[PDB]
Amino acid sequence: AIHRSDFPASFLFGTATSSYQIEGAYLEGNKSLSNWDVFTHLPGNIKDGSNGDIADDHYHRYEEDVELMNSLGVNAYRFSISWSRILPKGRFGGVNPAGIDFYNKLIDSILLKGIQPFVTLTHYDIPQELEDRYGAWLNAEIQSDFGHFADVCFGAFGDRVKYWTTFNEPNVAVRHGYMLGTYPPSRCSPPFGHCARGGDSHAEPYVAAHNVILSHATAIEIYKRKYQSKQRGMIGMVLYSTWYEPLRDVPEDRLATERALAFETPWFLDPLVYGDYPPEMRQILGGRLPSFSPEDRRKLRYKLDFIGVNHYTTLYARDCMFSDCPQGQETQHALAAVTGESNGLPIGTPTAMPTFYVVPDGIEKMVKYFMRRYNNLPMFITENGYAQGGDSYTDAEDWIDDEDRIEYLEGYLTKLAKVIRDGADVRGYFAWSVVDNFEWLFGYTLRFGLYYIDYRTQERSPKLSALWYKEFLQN
C-alpha cells in the first residue's frame, strides 16, 4: 500500500537500538559497571531473570549487524553510546581509549556503506559510580558530568556524526526511576510503592527531570559554541510520545487528555523551546517544579534542533480531577487515568507489549500535536515498532512469520506519509529494532526485531518484516 516514493527524497530510513540492549561485553575494554549492569544482577526486577551481560553480543558482532541493515537498504542507523565505555569513572577519571575505538570503528563501518549515524548520547544508562558518588540525576553535578561526556563524544566522533540526541525517553526513565521505583535507582514513596532505598515520588521525579533538561542545555550550548560551525550537525532530544484520546467526548475528559499530553513530552520540550515548564503542569505542581536560574535560561536559549518522536501507541484518557481514581499510577499527578479500553473493548488490536495497541492514526495525531505546540519544529520518528511475545512462539519459524509486524509498519508508515503531505516537517523514520534484544524489565520475552536472534548461537535470521522493509526501501 505504502511506498518509499510517498516520502521525500532526502528522508532518513533506518533502524534503532541502544547500547545496553544489544552490546554485551559488559566488562570488556575497561568499561565500568552501569546502573543497568548493577540493577539486572539484583533479583525481582527482570521478568525472565535475564540481564544484558551478553545481549546480542553486538560489541563483537557489529560488522555482521551493519551488513544486515545494509542489505535492507537503510540510509541511517540510530544507536546509543555507552557512557561507561567512554568515561568509566565520570569526568575526572579520564577518557577510555578502548571505548573511543569501539564507536569509531562502528561509525566508520556504517559510513562505509552510506549509512548515516544518528547517535543517542544517553539511553537509560549511566556509570554506577555517578549514582554512588552523588545520586546521579538528583544532584546538579550530573550536568557537568553529562556536559563533559557530550564534549568528549562531539570531539571524538562529530566529524562523522551529523545527528545527535542528548537523551532517550527521559519522561519514561525519570518516572520509572523516581516515581514508580521500577527502574534504577529504584526510588519511590506511597502511594506509588514502598522502595527500600527510600524516595519521594512527589518531589524526586521533578528534580531528576530538571537536571536532565539542564544536562541537555549544557550539552547543546557546548555543541553550538564549540562544534556546530565546523561539524554542521543537529542536536535533539527523544521523548516517549503516546497519543491520547478522551475516553468520553466531554469537556472534563478532553481537558484530562490535554493534561496527559502536557505531562509527557512538553515536560521536557516546553523548557527547551519556550524556557518554562508546561503551564498545564505548573498550575497543578507549582513549586514542585524547580525554577530556571539566569544561567539556566542562558543555556535554554540554545533550545533544540529537532524533536525525536518515539511513537508506538494510543490510549484513552479520562478525568481524575473531579472523580476519585486509583492512586499510585504514573499519571496520578496529571489527574488523569489512561486505558486502552472503552466499555471493556480495545482502542486497537492488542499486542504482547502492555499498553501497545495497533492504532496507526496515532502517529499522525501525535505529529500534529507537536506541529501545533512547537510551530512545526523539525521532527524525526526515532522509534516505531511492534513486539512479539508469549506462548504462541515455540521455535524460530513462529517468530519469523511476523505478518502482524508487517501490518503494523505498513499502517503507521501510511499515516506518517499522510501527515508529511499535510505539512509536517518530519525528516526520518527509524524502526525499533533491527534485532531482537534485551527489552528492559521484560528481558528477552519481547522481541521487537526485524531480525530474529537465537540467543544460544547468536545467529541472526531475517523475519518477514526484514524482507518487507527491504522491499519498501527498494521502492
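The scheme used for residues numbers each chain from 1 in its written sequence order. That scheme is not guaranteed to match the entry numbering, and residues without coordinates are omitted from view. With hydrogens and water stripped out, all remaining heavy atoms of the structure feed into the side-chain values. Residues with missing side-chain atoms are left out of burial classes, side-chain pairs and their counts.

The PDB entry annotates the chain as Beta-glucosidase 18 originating from Oryza sativa subsp. japonica. As deposited in the PDB, this entry carries the title "Crystal structure of Oryza sativa Os4BGlu18 monolignol beta-glucosidase". Of the comments in the UniProt record for the chain, the one headed Catalytic activity reads "Hydrolysis of terminal, non-reducing beta-D-glucosyl residues with release of beta-D-glucose." UniProt positions are given in the numbering used here, feature names are shortened, and annotations may be inferred rather than shown by experiment. As its UniProt record puts it under Sequence similarities, the chain is described as follows: "Belongs to the glycosyl hydrolase 1 family."

Draft legend 1. Structural view of the nonpolar core. Here, the term nonpolar core denotes a set of buried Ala, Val, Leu, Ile, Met, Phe, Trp, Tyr and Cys residues that are joined through side-chain atoms within 4.5 Å. When accessible area is computed with a 1.4 Å probe and restricted to protein chains, residues below 20% of their type maximum are described as buried, those above 50% as exposed, and intermediate ones as partly exposed. Formed by 153 residues in total, the largest nonpolar core has its most connected members in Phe-7, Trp-137, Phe-157, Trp-164, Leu-416, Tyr-429 and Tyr-469. Broken down by element, this core gets its largest block of residues, eleven residues, from helix α9 (residues 204-231). Setting aside chain neighbours within four positions, we find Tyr-469 in contact with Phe-13, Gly-14, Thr-15, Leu-72, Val-74, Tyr-429, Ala-431 and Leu-450. Strands here mean DSSP runs of E at least two residues long; helices mean DSSP runs of H or I at least four residues long; both are numbered from the N terminus. The contact definition used throughout considers only heavy atoms, calling two residues in contact when any of these lie within 4.5 Å.

Draft legend 2. Just the UniProt feature "active site" in the chain, in detail. In the UniProt entry, the feature "active site" is given for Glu-169 and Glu-383. Across 215 residues of sequence, these annotated residues stay compact in space, with a maximum C-alpha separation of 10.5 Å. Here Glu-169 is to be found in the loop between β4 (163-168) and α8 (170-180). Taking the relative accessible area as the measure of exposure, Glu-169 reaches 7% and is therefore buried. Apart from residues lying up to four places away in sequence, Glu-169 is in contact with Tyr-124, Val-238, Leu-239, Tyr-240, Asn-310, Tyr-312 and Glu-383. Leave out the neighbours within four places in its chain, and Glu-383 touches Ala-16, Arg-78, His-123, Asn-168, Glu-169, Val-309, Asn-310, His-311, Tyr-312, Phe-430 and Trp-432. The term polar contact refers here to a pair of N or O atoms within 3.5 Å; inside protein, the definition further demands a hydrogen-donor-capable atom paired with an acceptor-capable atom, and it admits residues adjacent in sequence only when both atoms are side-chain atoms. Of note is the side chain of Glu-383, whose polar atom sits 2.9 Å from the side chain of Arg-78.

Draft legend 3. Inspection of the environment of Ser-34 at higher detail. Along the polypeptide, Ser-34 turns up in the loop between α1 (19-22) and α2 (35-40). If we ignore the near neighbours within four places in the chain, the residues touching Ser-34 are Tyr-20, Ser-84, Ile-126, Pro-127 and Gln-128.

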